[PDB]
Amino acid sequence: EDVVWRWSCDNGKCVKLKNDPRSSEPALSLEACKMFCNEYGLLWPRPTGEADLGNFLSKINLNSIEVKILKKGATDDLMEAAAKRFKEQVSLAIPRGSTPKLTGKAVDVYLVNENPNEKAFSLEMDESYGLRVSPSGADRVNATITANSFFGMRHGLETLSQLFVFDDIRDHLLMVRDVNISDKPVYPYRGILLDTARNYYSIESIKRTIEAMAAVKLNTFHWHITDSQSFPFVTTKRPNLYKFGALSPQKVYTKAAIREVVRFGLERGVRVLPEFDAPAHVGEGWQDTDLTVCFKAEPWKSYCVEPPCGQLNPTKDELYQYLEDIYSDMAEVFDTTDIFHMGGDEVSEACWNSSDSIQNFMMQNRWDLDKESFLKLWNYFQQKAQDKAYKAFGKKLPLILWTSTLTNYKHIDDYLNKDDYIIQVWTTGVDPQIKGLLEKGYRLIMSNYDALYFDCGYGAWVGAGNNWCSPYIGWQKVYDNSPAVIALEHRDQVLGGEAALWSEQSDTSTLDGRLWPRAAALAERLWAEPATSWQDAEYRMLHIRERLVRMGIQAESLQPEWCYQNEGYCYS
């Protein structure tokens, strides 16, 4: 049948009221009410610049939307792909199984890309845009998107799609009549880390994630493609690593698949950034090389922090030949990235000391066998690895390492430099290492475990109880976690943030729930850096969850739908 209710704005909340026939006032559908009742309407993220949505809606004919590219260039194929997708994005306004009446105004969308040859990812890229919507003549609409680059332009198309609403009372597709918006992201790096080594993720699932990322303007996909558990990456040069390494012959990422993901990503404004974690977090795939130590060493608690143990043996010269090949193979298919992630997490001293070949190597270099000794070995490794990385990508590009014993701010300059290395923070956001790093000039990516570890809260995977970083981190917490607060005066050194989904307890099946809608909170916090808190964004967050579900994403459910329909009744 037909919707029985209507909604009316009262003090910023849309209140459900009976749609009684004896009325001269036109009834508002729920989304139509939310669009003007809300300070930012239905947008996510909210814009940083002008956010004028006017007061009215116009009826639109879905079959009459046409996109026009004003300036041609090298990005033509991308701009064209993006335009094509736009209609599909508009249909997201409409609930599945619902059909709009094909009547109303025609929409002309004009795309103005001011530097149409530009298509490289960089920390310095311009993701800004201007959006204006206004009536044109009598039966049509002028939607104009003006941007400095394709990336900004695509972001604008994303915002524009959000400006459509379906009236399920009348079955009309509607559009906000007069719009003036200008926008740009606060932070350049807005990412998600996906661990595809602890469990395999289908490439279809990866692409789906990228679509959702695009929907909320996240721009970086960090592919942690290797670990001790498996080696899915198809390295042509050193094929045994994958052959021995993979969970199965099927559970692999071929050169053709990666290229598919990288392009799908580029079309959607998302950098696909690969990681080769070293010298720890290696195991499977390395058998018979004699290039690792402690693989599957028991008891595991003695030698590492999760099974199975395994580290690279930095004393072996052939190792650098393998790395050089791996890095080269990665560089070939990950050809949009401007950055390389080298891991650097959790190197185990015991594990290195249990090796004879290694102890023998150190005795010959005059180094002792104490912990400060081991840092010497780690640097020796990192310096050589780094050389190979530069060679593979054919240039010196910024490298990322996790916070660790090596990266402690007190001695970090002994090993690295702030120009060459970006540091990824997984400590608490209140840890001293952060300020100390910042004072030394280091750029950071925030992944603090207390707010940004998407894996936390489930059952234990070793033993019983719950996982290491429990409890489960709610969206309220992710939204309120602010890099600006964490870094203060050094804010400009914060490149941005990244949500982490480690996969000890995640795969293809759970990936949609783990990331959405929580990653959307990160997305707003990074794009806009609101002074405001989670409660101010709550209604919009409920809507965006609904949108992800419309997209086919199996998003986590946040509240009862009754709450979404009845703003303000559900609080605490």
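All residue numbers refer to positions in the sequence shown, first residue = 1.
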* To do: Using only the Cα atoms and their B-factors as the entry lists them, report which of 389 to 397 and 72 to 80 averages higher.
  => 72 to 80
* Structure fact -> Stretch with higher mean Cα temperature factor, 159 to 167 vs 271 to 279, is 159 to 167
* Structure fact -> Max C-alpha B-factor within the set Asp338, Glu306, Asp368, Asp455 falls on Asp368
* Structure fact -> Scanning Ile473, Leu488, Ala500, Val425 for peak Cα temperature factor in the entry gives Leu488
* To do: Check where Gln382 lands among this chain's C-alpha B-factors and tell me if it's the lowest, middle or highest third.
  => middle
* Structure fact -> Split the chain's modelled residues into thirds by Cα B-factor; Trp516 lands in the lowest
* Position of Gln433 among the chain's modelled residues by C-alpha B-factor, lowest, middle or highest third -> highest
* Which third of the chain does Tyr442 land in by C-alpha B-factor: lowest, middle or highest? -> middle
* Relative to the other modelled residues in the chain, which third contains the C-alpha temperature factor of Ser23: lowest, middle or highest? -> middle
